[PDB]
Every structure is written in C-alpha cells, then in structure tokens.
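I have placed the structure first, in the form of structure tokens, so that the comments after it can refer back to it.
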Amino acid sequence: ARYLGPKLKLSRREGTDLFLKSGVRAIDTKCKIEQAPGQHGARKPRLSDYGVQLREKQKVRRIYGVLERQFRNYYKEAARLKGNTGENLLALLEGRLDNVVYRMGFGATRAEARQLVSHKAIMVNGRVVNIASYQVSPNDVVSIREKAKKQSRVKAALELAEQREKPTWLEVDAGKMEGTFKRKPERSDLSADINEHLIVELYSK
Amino acid sequence: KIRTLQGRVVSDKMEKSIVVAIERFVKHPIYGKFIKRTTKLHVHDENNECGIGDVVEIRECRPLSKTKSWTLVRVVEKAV
Amino acid sequence: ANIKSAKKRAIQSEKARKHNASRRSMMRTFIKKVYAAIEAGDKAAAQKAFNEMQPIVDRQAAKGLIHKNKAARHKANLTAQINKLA
Amino acid sequence: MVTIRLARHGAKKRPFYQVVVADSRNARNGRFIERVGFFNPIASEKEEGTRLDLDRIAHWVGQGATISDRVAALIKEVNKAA
RNA sequence: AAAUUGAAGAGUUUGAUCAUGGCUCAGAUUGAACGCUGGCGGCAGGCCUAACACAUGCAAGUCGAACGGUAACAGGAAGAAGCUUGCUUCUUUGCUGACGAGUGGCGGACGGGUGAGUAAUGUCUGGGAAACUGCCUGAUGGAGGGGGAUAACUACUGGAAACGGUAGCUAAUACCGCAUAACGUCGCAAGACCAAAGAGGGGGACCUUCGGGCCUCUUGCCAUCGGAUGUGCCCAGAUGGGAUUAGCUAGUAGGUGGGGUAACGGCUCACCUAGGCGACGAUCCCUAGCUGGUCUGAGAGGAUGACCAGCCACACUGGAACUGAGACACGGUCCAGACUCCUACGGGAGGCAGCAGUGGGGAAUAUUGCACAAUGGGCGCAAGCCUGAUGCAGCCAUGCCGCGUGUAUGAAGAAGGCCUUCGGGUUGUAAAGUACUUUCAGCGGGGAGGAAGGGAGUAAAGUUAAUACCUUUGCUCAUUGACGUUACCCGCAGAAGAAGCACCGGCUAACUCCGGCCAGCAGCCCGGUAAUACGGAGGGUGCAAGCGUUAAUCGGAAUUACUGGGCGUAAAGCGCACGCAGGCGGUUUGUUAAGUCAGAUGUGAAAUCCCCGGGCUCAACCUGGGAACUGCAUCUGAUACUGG
C-alpha cells in the first residue's frame with residue numbers, strides 16, 4: 001500500500017522532477033534525469049495516445065504518492081462533483097493531509113510528511129489525525145504536537161521549505177510550527193505542466 | 001357516479017347472464033403502437049334484457065357464480 | 001411430542017375434542033328433529049322441535065362451540081322452512 | 001396488539017433505533033405500520049438524537065397502541081427537555 | 001439552491017481497396033473457485049450442489065395474585081436435649097418464603113429455516129364486498145343462585161420399556177343447568193331465546209358462628225356496539241418459452257331450490273337449461289418462487305431475484321382432521337410408506353429445509369462459542385423465568401475501505417549480476433555507511449460509551465369514611481455489560497516483526513543476452529540453428545496484501561436495430577393471384593370525449609439509487625432531511641388529431 005523502492009527512478013521515467021528528494025542537491029547531480037531507467041533507457045520510443053495518457057496519470061500519482069484504487073475513487077468523486085472534473089480531481093488530491101503537511105513546510109518530502117502524519121505527530125484542530133488521505137477542509141488548523149516539535153526533521157524541513165515557493169492558500173508560522181488551510185486551490189494555483197484532461201480521457205474511455 | 005364499464009354483448013345463450021366484451025385501446029409497451037385489447041366478462045343479466053350486440057353499461061358486484069362477478073346497469077344501444 | 005407443553009396440549013385437545021363432539025352431536029340431533037318434522041309436514045311438531053332447538057343452539061353458539069352466524073343461519077333456515085307449511 | 005417500539009438499525013457497536021409503530025407479532029426490524037421518530041443512543045450531545053413525533057405517538061396511544069418501556073422513557077425525557 | 005451534465009474504439013478475410021459479416025480484445029461486476037503469495041484493522045458476506053441421511057447438545061415456555069396441595073430446601077413452630085448449657089438435633093405441623101408433579105389460563109399459528117412445489121390455486125399495481133378478528137382500546141350495562149364430576153392423591157394391579165387398568169377421595173377463574181336479557185339472534189310483527197368467575201392489597205369502628213363476613217382500591221369475568229390490527233374472499237391489468245402442442249371442458253357454464261362456510265360462490269347436492277374457454281394462444285409440454293430491488297447500459301433495454309425488507313409455499317413422503325380468535329400445525333395428533341434405532345420379540349421410538357455439528361455430493365462456503373447486558377418477543381401485578389430471535393465473539397484476504405512494511409542523507413557511481421562497439425553503460429542513492437522516527441504488531445499502566453431501568457427508602461398529589469394499600473410525580477442510597485484485557489489514551493525497546501503477483505510481437509504500458517516446426521506459448525492474428533512471441537537471466541511496465549487464470553452477466557454488438565439495421569449482385573421479395581380475420585384509410589359538418597392532453601386527489605411500504613448535511617481520527621459504514629419511485633385508479637375540464 002506504499003511505494004518503498006527507488007525514488008529517482010520514477011522521476012527519470014516521467015522525464016520530470018517529482019520532488020521525491022528533499023532538495024539538498026539538484027537531481028541532476030544524483031541521477032541522469034534526462035535518461036529513462038534501465039538498460040534501454042537511452043532509447044526514446046514514440047508514445048501512443050494511451051501511452052501519453054497513462055504516463056500523465058502515473059506522473060500525477062507518483063507526485064502525490066497515491067495508489068490506483070484511491071486515485072480511481074478520487075476520479076469517481078470528482079466526476080460526481082459539479083464542475084470540471086480535472087480541477088475537482090486536483091483539488092481532491094491537494095486536500096490530503098500529508099500533502100498539506102508537506103506544503104506547510106513540516107516535511108522535506110511527501111514521504112517524510114506522510115511519516116510525520118502517520119506517526120501521530122500532526123494535529124488538526126487540536127485533534128491528532130494520523131490519516132494521510134484525510135481531507136483537510138478550509139479554516140482547518142494543522143500543527144505539530146508538543147512531543148514532536150523537538151525533532152530536527154521538522155527544522156530541516158522548515159528550512160528547505162523556506163528555500164521553496166510559498167503556496168497562496170497556506171498561512172504558516174514556523175515558530176509555532178502550525179499553519180491554516182484557508183481555501184481549496186483553484187486550477188490556476190497548481191502546476192501548469194499537469195494535463196488533467198489526459199487523466200479524464202484515460203479514465204473515461 | 002358509480003365506477004362502471006361499457007362493452008358489447010357477444011353471447012346471451014346462458015340464462016340470466018351475458019358475456020360482454022370490453023374493448024380497450026392500449027399503447028404497446030415496447031413498439032409504441034396503440035393496439036386493441038379485448039376483456040370478456042360474464043355479466044349477470046336478470047330479466048334477460050340484453051341481446052347479442054347491445055352496447056351495455058356494467059358494474060362490479062359480489063360473486064354471483066364461479067365466473068360471474070359483474071352485473072348490468074343499463075343498455076345504451078340495442079342490437080341494431 | 002418432545003416438549004412438555006405439547007404433551008399437555010395434546011391431552012387437553014383430545015379432552016376438548018370429546019366434549020365438543022358430544023355437544024355437537026346433541027345440537028345436530030335437535031336440528032335433525034326439526035328437519036324431520038319439516039319432512040313429515042307436521043307444522044305443530046315442527047314448531048315444537050324449533051322451540052326445543054333454539055335455546056341449545058343459542059347456548060352452544062354462546063359457549064364457543066359454533067359461531068353466532070351459524071346459529072343465526074340454522075334459525076333462519078328452519079324458520080323459513082316452517083313458514084312454507086303453516 | 002399494536003405497539004410502539006424501537007427497531008435496532010445502524011452498524012455493529014453503533015446502534016441506531018427507529019421508533020416504529022408495529023404489530024407486536026412481527027419481527028423487530030420487520031414489517032411496521034409507521035415510523036414515528038428515531039433515537040441515537042451514542043449521540044455526541046452536540047447534535048440531536050431524539051426526534052420522535054409526539055403527535056402521531058399520542059394519536060396511536062389514543063387508539064390502544066402500547067408503548068414499550070424504552071419508548072416510554074424516551075417520551076418522558078423528550079417532554080422534560082422540551 | 002441541488003437531486004438524469006450523457007454516448008471513444010482496436011485486431012483479424014485481400015497482393016492491396018471499399019463494403020458486408022462473424023470471431024476476439026480493451027470496461028465494469030460476483031454468495032465466486034483454483035494457482036502463487038500473504039502484515040493489521042473497520043464494515044459487511046459466507047452450502048449457489050444432495051428439498052441427500054443425520055450422532056450429540058440447545059432452539060417454548062410461563063403464572064402460587066385460579067386451584068387441591070407439599071415432594072425438595074429454607075425458615076418459623078409444640079414438644080423430646082447429645083449434654084463440650086447455651087451449639088441447642090431430631091420427633092410431628094403447609095403455619096410462610098417458596099415450589100417438583102397435577103388440574104387450569106395464556107403462549108406453542110409469533111420469532112427462526114428452506115425455495116421443493118407453484119406459469120397463476122402465487123406475486124405486483126389498482127379497485128371492491130358478502131366477512132371473522134385472542135391480546136390492546138372507547139361507551140353502556142351485568143356479575144344472582146346451585147349441582148355433578150375429575151386429575152393429583154390413596155389401595156390394588158398389567159408391562160422390559162413406552163405407557164396403562166380398576167376402585168375410592170378432593171379443589172378451582174375446569175364443566176353443566178337454573179334465574180336474569182337488551183340498541184344482541186330469529187321473526188314484517190307478536191313474541192321466543194342466549195352469559196358470566198373469581199382473586200389480591202389494606203383496613204376505622206358496627207356486628208364474627210373466630211374462618212371472618214362489612215368498607216375501599218387494583219385486577220380478573222360476561223353481553224352489545226365501535227376503533228386499531230391481522231386475516232379470509234372477489235375483479236381488471238401485468239407477470240417465461242414451445243404451434244415440431246389446436247382444439248379443451250360433464251360440476252363442465254348458467255339457473256331454481258336444499259345444504260354448507262365467519263363470509264360471496266358449483267363450495268356441495270337434486271333438477272333443468274346447453275352451454276363456457278380458445279388463434280388477444282385455450283389445452284398440453286419444459287423451466288421457474290414473486291416483488292422492492294442488484295449488475296450492466298448515455299438511455300431504451302439486457303441479465304438477474306444471494307444478503308436486507310414485503311408476500312407466498314413447504315416442514316421425511318402421501319392423506320386427514322382435532323384444539324383454537326388464528327393451523328389443517330418445523331421442534332402437536334391420527335393413518336399409510338421408506339429408512340434408522342431400542343426390545344425381555346410381545347411391542348416401542350424418531351424426523352436439523354432452527355443454532356452449532358457429522359457423513360456424503362461438489363471447484364466451493366465457517367464454531368458442536370459467550371450473554372440475555374441492549375432491542376424485541378412469550379408468560380406474570382411485579383420481581384422475575386424462558387428466548388441458537390438478537391447482541392457479540394471464533395474461522396475464511398470473500399468483497400469494500402483505511403493504514404503499515406520506514407524517513408532523510410548517502411558515490412565518482414563499491415562489490416557481485418546483466419549487457420558491451422571492451423570506451424563503458426545499467427541495476428543505481430539502489431545498497432553499505434551516517435543521522436532520525438516508532439504509525440501497526442509486542443510488553444506494561446489508565447480508560448469512555450453502548451445503562452434505559454429495576455430495588456429499597458422517604459416527601460407531595462390523587463383515591464378513600466382512612467393521615468392504610470394502591471397509582472402517578474420529585475429526591476436519596478446501594479447496584480445492573482456477554483463483548484472485555486473494548487474504543488481511545490500513556491510509557492518501553494528497537495528498523496527492529498511485515499512484498500508479492502502478472503506482463504514486456506501488435507491490439508496494450510514495458511527489451512536485450514543465452515539454450516531448433518522439437519520442447520513448448522497462444523484472448524485474436526510465434527518456434528525448420530543470431531526467437532523483443534518458447535524456457536532461463538538482467539532490465540523494465542502495471543497492480544499491490546494482493547496479483548493472475550477460469551466460470552458467469554451486461555457493455556462494446558447499430559451483432560434482433562422501439563430509440564437504432566436491412567432484402568438487384570454480400571443472408572434476405574412467397575412463382576403468381578383472389579381473399580376472411582387483422583393493420584391502415586380521401587374530404588366537410590355536427591355530436592361524443594374512448595385514445596390524446598391539462599389540473600387535482602388517493603396510492604406508488606421501509607431500505608436501496610441521487611442531492612445537501614451530521615457521526616464514526618479519514619474512508620468504507622451508519623444516519624437526518626429532501627428529491628425520486630418515470631406507474632395505476634378516480635374526479636374535473638380541453639376538442640386540434642385518431643376513434644365511435
């Protein structure tokens with residue numbers, strides 16, 4: 001129910017950085033990003049339509065660390081909700097608890113953010129929530145527990161996040177080690193190199 | 001004011017009873033065509049007033065025999 | 001029977017069967033008397049048998065042996081049959 | 001006779017009773033005549049867990065319907081709170 | 001406010017093309033099975049086949065406030081003491097707390113199981129009249145006075161047993177008359193007729209024949225008319241296939257009369273009439289429980305009817321009735337049959353398609369568990385007893401959902417493995433090393449909620465002649481949990497206990513090396529000596545506590561085309577015509593309002609589906625409200641079109 005193997009292999013296969021490493025270096029200094037994994041990585045074959053759709057879906061999944069059953073249920077709920085299916089899907093993906101904890105700055109990677117959440121080190125409205133897929137609603141307050149504020153993991157993650165960009169829908173205080181989920185991000189707030197319509201066409205065929 | 005039916009008498013050979021055929025116009029449940037459907041009822045005809053072909057008005061009552069549960073109200077058109 | 005209540009119910013049921021059989025045979029005899037008086041055409045004997053039959057029929061209908069509807073049926077039938085003679 | 005009782009719906013270890021008017025011979029969760037409320041015994045006191053209509057309940061009690069002991073206690077507490 | 005916002009193609013006939021046409025695939029889904037593998041939890045599901053046969057335990061009892069009672073244990077008791085005189089230990093007493101057996105009342109027709117039969121004696125929808133209805137409930141009345149028995153018991157006695165027989169005794173709210181008798185039954189009427197039962201709590205005095213009568217309250221009893229509920233009955237429409245089944249029917253169709261039922265009725269009988277059903281499929285044959293619903297589909301449809309809920313049928317096979325308000329009765333009765341068992345050989349006993357379980361069949365489906373603590377049920381004034389319903393637990397990855405099997409750093413990129421143009425590349429930050437963390441599992445400590453009640457006390461009110469008893473209402477006290485070591489929380493230790501399956505020629509994401517049309521693969525179109533198709537290795541791809549294969553349904557399949565196809569040559573115009581039933585029908589006026597349309601009412605069970613919220617740490621799941629249930633009937637109108 002988790003991917004534990006090599007991380008940079010996924011970003012090499014997707015041809016794009018998936019932020020699977022903290023950021024102490026550039027990925028170019030740790031692996032051949034422009035080369036696909038394996039013995040036959042130098043070749044690049046012409047992808048089919050199904051190939052491109054599958055590769056975009058896998059890129060999104062590996063970005064958010066979501067397996068196929070949960071992602072299929074996410075698409076089902078997004079197609080159930082009113083509006084455009086793609087932005088609904090991306091909003092449902094961004095609402096996760098481990099995703100927010102990573103974006104909040106308490107995790108260097110979404111894997112260590114998921115470890116922080118699962119290990120009962122993250123609180124939501126004063127209630128310790130240890131579900132990574134926990135849907136965070138607007139106005140929710142996310143904070144590190146008193147016992148886990150002493151970890152150097154959170155400090156390094158805070159620093160690494162300060163060297164990153166700041167999301168518009170997160171009001172975080174690094175001193176109190178707490179943040180607020182103000183609102184769900186609109187389509188224009190997430191990455192622009194993610195084609196949601198490819199996933200919609202892949203799941204609607 | 002009482003709920004009733006209307007049909008034509010197709011048989012009066014029995015005594016005190018007639019067989020009235022209630023024809024109805026029903027749309028076919030699949031192909032949408034309006035088809036004719038016939039409902040033949042054993043009706044109690046006391047006084048033997050109805051002949052073959054009369055357009056009669058009948059109503060439902062208690063069972064009067066093994067197959068008769070409807071009774072006559074009046075005759076509208078009389079076999080001509 | 002396997003249950004104790006089933007055995008006691010069987011005993012009580014056969015006892016009540018015998019009691020009800022005696023009562024029903026009495027009532028049937030007293031009604032057959034009226035029917036035979038009807039057959040004979042004797043209206044005085046018919047009314048006498050009807051007057052003897054009515055109370056026990058009402059009593060067995062009240063004691064739960066037969067229904068009040070059955071008692072009323074017997075009374076009405078025999079009355080209408082007596083009135084067809086005199 | 002006709003009785004007003006609870007039908008234990010809900011999940012395992014989290015019961016949810018529906019106050020139903022039913023003929024006392026049917027099963028608990030079986031055939032009933034009319035549902036006149038509900039009762040959530042594990043309510044968080046933040047929400048409502050007692051919404052049993054007293055109008056139809058009184059109408060049925062006026063027709064000889066019997067009230068079970070739990071429904072009688074529920075009616076008493078609903079009258080006291082309201 | 002929301003609650004139809006919904007529709008994808010590909011491979012394969014040919015040297016090639018277009019069309020036709022079938023086969024196959026990509027999607028969902030399952031009561032699944034098998035193979036490899038397998039950490040935890042929540043919620044659900046779990047004999048689809050042999051309605052095959054069943055060992056064993058339990059699944060329906062309850063009331064002493066109906067009754068005679070006392071056999072058992074607990075007490076009171078009068079009288080006799082071992083005697084270590086305050087332990088008193090046995091002789092007799094229903095005196096009472098209770099209670100075995102027995103009569104009696106209620107319940108065993110509910111609850112639970114299965115889908116054999118049933119193609120309409122059923123189910124669904126919508127109507128109806130000729131009916132009954134225990135317990136619950138409203139109103140009005142009555143509740144008087146007697147008798148004969150009988151179980152238990154006693155004595156004798158027959159049987160291996162099962163179970164009886166005879167004689168005597170006793171009780172009742174058991175049974176039977178009498179009186180009474182109407183807004184009840186019969187009858188137009190006069191009149192005639194029909195019922196009952198007590199028990200319990202307490203008590204001021206008056207009167208007691210020392211049991212108590214007398215007062216009050218509760219409860220029970222009988223009669224009638226209603227309510228509610230349940231059930232019985234009738235009609236219309238709908239509800240599989242076959243014409244290689246076209247005629248069927250003698251109680252058959254109807255009528256009069258007798259009987260019968262709670263009730264209408266050929267329900268039954270006598271007689272009379274000669275009918276009735278059928279091409280709109282009667283009759284016959286095969287299959288089949290029906291529905292809300294479930295799966296699939298854009299929809300229309302197709303398939304289906306496990307769990308949950310309603311209805312029906314069945315209870316070893318066939319038949320039958322008895323009791324009862326209700327049965328022709330799973331754990332009742334009688335008979336017959338098959339089978340199994342006990343036997344003293346004369347006779348007996350039994351029916352898991354109740355809960356576990358066994359043998360068998362099968363590819364395949366679980367424990368001979370805990371508790372009545374909650375809900376419901378039976379009985380009881382109540383306490384309470386019973387409850388394999390039910391609440392839980394055990395087993396199974398069977399499904400859905402959630403979480404974990406670590407995280408960060410980590411190179412000239414170690415070793416080995418594989419490939420190599422022998423330069424190197426890849427496995428690969430992957431590992432090792434370093435720093436950190438401890439969800440879940442393991443050990444220990446705290447700890448909700450499911451719990452409402454019930455009991456004992458007092459106080460108030462009502463009732464009453466009564467400041468008793470009883471009912472209701474406040475408060476006080478001591479308690480009520482199978483789950484259970486609960487959920488949840490806290491502490492400890494250590495990466496420590498936790499990743500596999502399928503695939504890589506195209507469809508279809510994923511490529512190289514090595515070993516001869518053989519071995520083998522294959523869902524549809526490879527292998528005859530450098531095979532991306534066989535087998536192994538490296539690498540990669542997709543899923544992931546699962547992964548594949550098989551079986552099955554729908555989709556794609558517009559491939560049964562109503563929505564939505566065709567027939568010159570691809571499958572398809574009868575050889576031609578006349579013509580009954582049927583289908584359709586020029587044009588105008590009037591009328592009707594059957595089709596059609598509009599509005600309203602009733603109904604369309606709950607659950608499920610969908611929408612907005614709520615509670616479980618999230619989800620699954622549970623749940624509030626709404627929408628929906630596209631249908632049917634009735635009533636009132638419209639008159640353009642179809643019909644008369």
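A note on names: the letters A, B, ... follow the listed sequences, proteins ahead of strands, and every chain is numbered from 1.
- Applying the 90° cutoff around 0 to the glycosidic angle, E:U208 is assigned syn.
- Across the protein-nucleic acid pair, D:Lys12 atom NZ and E:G394 atom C1' stand 12 Å apart, rounded to whole Å.
- Proximity of D:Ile75 to D:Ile67: side-chain heavy atoms (C-beta onward) are separated by under 4.5 Å at one or more points.
- The shortest side-chain heavy-atom distance between A:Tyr74 and A:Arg96 falls under the 4.5 Å cut-off.
- The base-pairing partner of E:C23, taking Watson-Crick or G-U wobble contacts with both distances under 3.5 Å, is E:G11.
- Using a 4.0 Å heavy-atom criterion, one finds that C:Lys15 contacts the sugar-phosphate atoms exclusively.
- For E:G423, the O4'-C1' to base torsion is within 90° of 0; the nucleotide is therefore syn.
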Pairs: protein N or O with nucleotides 227-238 of chain E N or O, under 3.5 Å:
from: E:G227; atom 1: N2; to: D:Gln63; atom 2: O; distance (Å): 2.7
from: E:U229; atom 1: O2'; to: D:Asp23; atom 2: OD1; distance (Å): 2.8
from: E:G230; atom 1: OP1; to: D:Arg31; atom 2: NH2; distance (Å): 2.8
from: E:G230; atom 1: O5'; to: D:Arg31; atom 2: NH2; distance (Å): 3.4
from: E:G230; atom 1: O4'; to: D:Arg25; atom 2: NH2; distance (Å): 3.4
from: E:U231; atom 1: OP2; to: D:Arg31; atom 2: NH2; distance (Å): 3.4
from: E:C234; atom 1: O2'; to: B:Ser69; atom 2: OG; distance (Å): 3.4
from: E:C235; atom 1: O4'; to: B:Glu60; atom 2: OE2; distance (Å): 3.3
from: E:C235; atom 1: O2'; to: B:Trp70; atom 2: NE1; distance (Å): 3.0
from: E:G237; atom 1: OP1; to: B:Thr39; atom 2: OG1; distance (Å): 3.1

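- Under the 5.5 Å centre and 30° plane thresholds, the six-membered base rings of E:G266 and E:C267 are judged not to be stacked.
- Taking atom CD1 on B:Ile35 and atom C1' on E:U596, their separation rounds to 17 Å, with Å as the unit.
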Run the side-chain donor-acceptor check on residues 13-23 of chain C: report pairs under 3.5 Å with partners two or more places apart or on a different chain.
from: C:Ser13; atom 1: OG; to: C:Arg9; atom 2: O; distance (Å): 3.0
from: C:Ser13; atom 1: OG; to: C:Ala10; atom 2: O; distance (Å): 2.6

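- In this structure, D:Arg28 reaches the bases: a heavy-atom distance under 4.0 Å links it to at least one base atom across the strands shown.
- Between the CD1 atom of D:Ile67 and the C1' atom of E:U375 there is a distance of 15 Å, given to the nearest Å.
- Shown here are the salt bridge (charged side-chain N to carboxylate O under 4.0 Å, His left out) partners of D:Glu34, two or more places apart in sequence or in another chain: D:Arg56.
- Side-chain contact between A:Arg55 and A:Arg13: present, with at least one pair of heavy atoms (C-beta onward) separated by less than 4.5 Å.
- Under 4.0 Å is where a charged nitrogen must lie from a carboxylate oxygen, and between C:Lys75 and C:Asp58 at least one such pair does.
- Counting non-hydrogen atoms under 4.0 angstrom, C:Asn51 reaches nothing in the nucleic acid.
- In this structure, B:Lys16 atom NZ and E:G265 atom P are separated by 13 Å, rounded to whole Å.
- If you take CG on C:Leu65 and CZ on C:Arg59, they are separated by 12.5 Å, rounding to the nearest 0.5 Å.
- Atom OH in A:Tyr134 sits about 16 Å away from atom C1' in E:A620, given to the nearest Å.
- Paired with B:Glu23 under the rule side chain to side chain contact (heavy atoms under 4.5 Å, CB included), one option of B:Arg37, B:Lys40, B:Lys36 passes, and it is B:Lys36.
- Across all strands shown, C:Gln12 has heavy atoms under 4.0 Å from sugar-phosphate atoms exclusively, and none from any base.
- Shown are C:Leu78, C:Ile31, C:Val34; of these, the side chain to side chain contact (heavy atoms under 4.5 Å, CB included) with C:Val57 is made only by C:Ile31.
- Not a single donor-acceptor contact under 3.5 angstrom links the side-chain atoms of C:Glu52 to the base of E:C193.
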What one-letter contact string describes nucleotides 629-644 of chain E from 5' to 3', where B marks a base within less than 4.0 Å of any protein heavy atom, S marks contact via sugar-phosphate atoms alone, and - marks no contact? ----SS----------

Tabulated below should be each protein N or O lying under 3.5 Å from an N or O of nucleotides 495-503 of chain E; please produce it.
from: E:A499; atom 1: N6; to: A:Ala1; atom 2: N; distance (Å): 2.9

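- Contacts of C:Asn77 with the nucleic acid, taken as non-hydrogen atoms under 4.0 Å apart, involve only primed sugar atoms and P, OP1 or OP2.
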Between the protein and nucleotides 273-275 of chain E, which nitrogen or oxygen pairs come in under 3.5 angstrom?
from: E:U273; atom 1: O2; to: B:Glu15; atom 2: OE2; distance (Å): 2.9

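- Taken residue by residue, residues 76-87 of chain A places heavy atoms nearer than 4.0 Å to RNA chain E at A:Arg80, A:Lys82.
- When heavy atoms are screened at a 4.0 angstrom cut-off, D:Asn40 is found touching no nucleic acid atom at all.
- Among the heavy atoms of the strands lying under 4.0 Å from D:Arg51 are primed sugar atoms or P, OP1, OP2 only; no base atom is included.
- E:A250 adopts a syn glycosidic conformation, its chi angle falling within 90° of 0.
- Residues D:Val36 and D:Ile4 have side chains in contact (heavy-atom distance under 4.5 Å, counting atoms from C-beta outward).
- For E:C400, the paired base is E:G42 (Watson-Crick or G-U wobble, both distances below 3.5 Å).
- Counting to the nearest Å, the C1' atom of E:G404 and the CD atom of A:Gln70 are 13 Å from each other.
- Taking atom CZ of residue D:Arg5 and atom P of nucleotide E:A374, one finds them 17 Å apart after rounding to whole Å.
- Atom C1' of nucleotide E:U333 and atom NZ of C:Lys7 are separated by 12 Å, given to the nearest angstrom.
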Find every protein N or O atom lying less than 3.5 Å from an N or O atom of nucleotides 302-307 of chain E, and list the pairs.
none

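- Glycosidic conformation at E:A51 (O4'-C1'-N9-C4 for purines, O4'-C1'-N1-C2 for pyrimidines): anti, more than 90° from 0.
- Counting non-hydrogen atoms under 4.0 angstrom, B:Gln6 reaches nothing in the nucleic acid.
- Residues B:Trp70 and B:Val43 are in side-chain contact: their nearest non-hydrogen atoms beyond the backbone lie under 4.5 Å apart.
- B:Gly32 comes within 4.0 angstrom of no nucleic acid atom, judged by non-hydrogen atoms across all strands.
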With 3.5 Å as the limit, what N/O pairs link the protein to nucleotides 194-196 of chain E?
from: E:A196; atom 1: OP1; to: C:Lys63; atom 2: NZ; distance (Å): 3.2

Summarise protein proximity over nucleotides 419-430 of chain E in one line of letters, 5' to 3': B for base, S for sugar-phosphate only, - for none, counting protein heavy atoms closer than 4.0 Å. S-----SSSSSS

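- A donor-acceptor contact under 3.5 Å links the side chain of C:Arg9 to the base of E:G107.
- Residues A:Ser22 and A:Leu160 share a closest heavy-atom pair of CB-CD2, 3.7 Å.
- Residues passing the salt bridge (charged side-chain N to carboxylate O under 4.0 Å, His left out) test with A:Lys57, sequence neighbours excluded: A:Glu68.
- C:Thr79 comes within contact range of the sugar-phosphate backbone alone, with a heavy-atom separation under 4.0 Å but no base atom that close.
- Syn is the glycosidic conformation of E:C328, whose angle stays within 90° of 0.
- The six-membered base rings of E:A80 and E:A81 fail the test of centres under 5.5 Å apart and planes under 30 degrees, so these neighbours do not stack.
- Using a 4.0 Å heavy-atom criterion, one finds that A:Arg72 contacts the sugar-phosphate atoms exclusively.
- The side chain of C:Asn2 lies closest to E:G331, out of E:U323, E:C511, E:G331.
- Listed nucleotides E:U596, E:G255, E:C403 differ in distance to B:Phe34; the shortest reach to its side chain belongs to E:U596.
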Listed pairs, N/O of protein and of nucleotides 379-387 of chain E, under 3.5 Å:
none

